[PDB]
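Chemist: Questions regarding the structure given below will be posed in turn.
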Amino acid sequence: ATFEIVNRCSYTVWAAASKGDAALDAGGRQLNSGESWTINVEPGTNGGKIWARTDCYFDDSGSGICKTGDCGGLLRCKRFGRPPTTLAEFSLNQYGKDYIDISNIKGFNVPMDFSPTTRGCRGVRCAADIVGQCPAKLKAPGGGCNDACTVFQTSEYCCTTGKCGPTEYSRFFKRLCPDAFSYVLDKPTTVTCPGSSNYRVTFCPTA
């Protein structure tokens, strides 16, 4: 499957793509404002994620740091990124269908649209100004709006036992972005697409 990753933000981002134990395609790349990078993701990929990283520095070997979304200091991510990270999440070719969502469970750094470029389903978007509106206790000094699990490390926020409810913090993310997951047991906002759809992830889709 192809995923065109487009940076419509006014700032550079370093796109990242991983399934947690491996890179997807090259795993990461710089995208200056306006650039587009198309990756290929193997059919059947389960638990894939794409995200933006901000304010990164890499040396000539691809090693460095980002303030949001760092994946073990690599340009080419093999592993998921450090919160806060708005997440485009997908599982492809799962019993004949693809499944996509956006999640704020690991916080928010950059606004996002995640849409099919092929027939048969709708996109999802979280493009509100969550960083600007972030509750004071969730603001990341490093940049972005942390989720409450990251900040407070409680069973309730992290849904450790599987029985957690919404919270004042999850409700903030849900108010700003109804169409993204705000906590682990949120009412799902997953979209079912035809198996082997192709997609576009756009950072800063609006404004």
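Within each chain, counting starts at residue 1; across the structure tokens, chains are named A, B, ... in the order shown, with ligands numbered 1 upward in that order.
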Excluding residue 183 in chain A and any residue of its chain fewer than 3 positions from it, enumerate the residues within 6 Å of it, using only C-alpha atoms, and give them as a PyMOL selection string.
Modeler: chain A and resi 105+170+186
Chemist: Might you pull out every residue within 12 Å of range 159-166 of chain A, with only C-alpha atoms counted and same-chain residues fewer than 6 positions away left off, and present them as a ChimeraX atom specification?
Modeler: /A:105,148-150,153,172-175,181-187
Chemist: Which residues of range 82-156 of chain A have any atom within 10 Å of an atom in range 54-64 of chain A when counting only C-alpha atoms, and what is the closest pair of atoms for each, with the distance in Å to one decimal? Order the rows by chain and rising number and write it as CSV.
Modeler:
residue,atom,partner,partner_atom,distance
A:85,CA,A:54,CA,9.7
A:109,CA,A:54,CA,8.0
A:110,CA,A:54,CA,8.4
A:142,CA,A:55,CA,9.6
A:143,CA,A:54,CA,8.5
A:144,CA,A:54,CA,9.4
Chemist: Extract the full set of alpha helix (DSSP H) residues from range 18-158 of chain A according to DSSP on the backbone, and format it as a list in words.
Modeler: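 Going through range 18-158 of chain A, the alpha helix (DSSP H) residues come out as residues 130, 131, 132, 133, 148, 149, 150, 151, 152, 155, 156, 157 and 158 of chain A.
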Chemist: Nearest to residue 191 in chain A: which of A:134, A:151, A:145, A:121 is it, counting only C-alpha atoms?
Modeler: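 When distances to residue 191 in chain A are compared using only C-alpha atoms, the smallest one comes from A:121.
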Chemist: I'd like to know which residues of range 51-94 of chain A are strand (DSSP E) (by DSSP, run on the backbone); could you write them as a ChimeraX atom specification?
Modeler: /A:51-53,57-58,64-65,87-94
Chemist: Please list as JSON, numbers by chain every residue within 12 Å of residue 30 in chain A, counting only C-alpha atoms and excluding residues in the same chain fewer than 4 positions away.
Modeler: {"A": [5, 6, 7, 11, 12, 13, 14, 15, 16, 26, 34, 35, 36, 37, 52, 53, 54, 55, 56, 57, 58, 62, 66, 74, 75, 76, 77]}
Chemist: Neighbouring residues of residue 152 in chain A were defined as those with any atom within 12 Å, considering only C-alpha atoms; residues of the same chain fewer than 4 positions away were excluded. Please report them as a PyMOL selection string.
Modeler: chain A and resi 137-138+146-148+156-158+169
Chemist: Let me see the file: selected residues, N, CA, C and O atoms, as a short mmCIF file (atom, residue, chain, number, x, y, z; two decimals), in the first residue's frame.
Modeler:
data_model
loop_
_atom_site.label_atom_id
_atom_site.label_comp_id
_atom_site.auth_asym_id
_atom_site.auth_seq_id
_atom_site.Cartn_x
_atom_site.Cartn_y
_atom_site.Cartn_z
N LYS A 137 -1.37 21.37 33.04
CA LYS A 137 -0.64 20.23 33.60
C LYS A 137 -0.21 19.22 32.54
O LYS A 137 0.63 18.37 32.85
N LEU A 138 -0.77 19.32 31.35
CA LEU A 138 -0.39 18.40 30.26
C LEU A 138 0.59 19.01 29.32
O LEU A 138 1.12 18.32 28.42
N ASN A 146 0.92 16.52 26.24
CA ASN A 146 1.01 15.16 26.67
C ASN A 146 -0.37 14.60 27.01
O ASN A 146 -1.26 15.28 27.50
N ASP A 147 -0.49 13.29 26.81
CA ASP A 147 -1.60 12.56 27.40
C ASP A 147 -1.38 12.41 28.90
O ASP A 147 -0.28 12.47 29.43
N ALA A 148 -2.49 12.14 29.62
CA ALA A 148 -2.44 12.02 31.06
C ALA A 148 -1.72 10.81 31.57
O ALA A 148 -1.22 10.81 32.69
N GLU A 156 -5.73 4.47 36.06
CA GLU A 156 -6.92 5.05 35.43
C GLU A 156 -6.58 5.69 34.09
O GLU A 156 -7.31 5.51 33.10
N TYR A 157 -5.48 6.46 34.02
CA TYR A 157 -5.16 7.12 32.76
C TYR A 157 -4.56 6.17 31.74
O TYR A 157 -4.75 6.34 30.54
N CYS A 158 -3.79 5.19 32.24
CA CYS A 158 -3.07 4.28 31.36
C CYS A 158 -3.93 3.07 31.00
O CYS A 158 -3.58 2.31 30.12
N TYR A 169 -8.98 14.98 31.59
CA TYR A 169 -7.97 15.12 30.56
C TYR A 169 -8.40 14.47 29.25
O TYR A 169 -8.23 15.09 28.18
#
Chemist: Counting only C-alpha atoms, which of A:207, A:39, A:102, A:131 gets nearest to residue 2 in chain A?
Modeler: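 Checking each candidate against residue 2 in chain A, we get A:39 as the closest.
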Chemist: Could you check which of A:171, A:48, A:3, A:135 is closest to residue 78 in chain A, using only C-alpha atoms?
Modeler: A:48
Chemist: Smallest atom-to-atom distance to residue 83 in chain A: which of A:140, A:100, A:124, A:65, using only C-alpha atoms?
Modeler: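 The closest residue to residue 83 in chain A is A:140.
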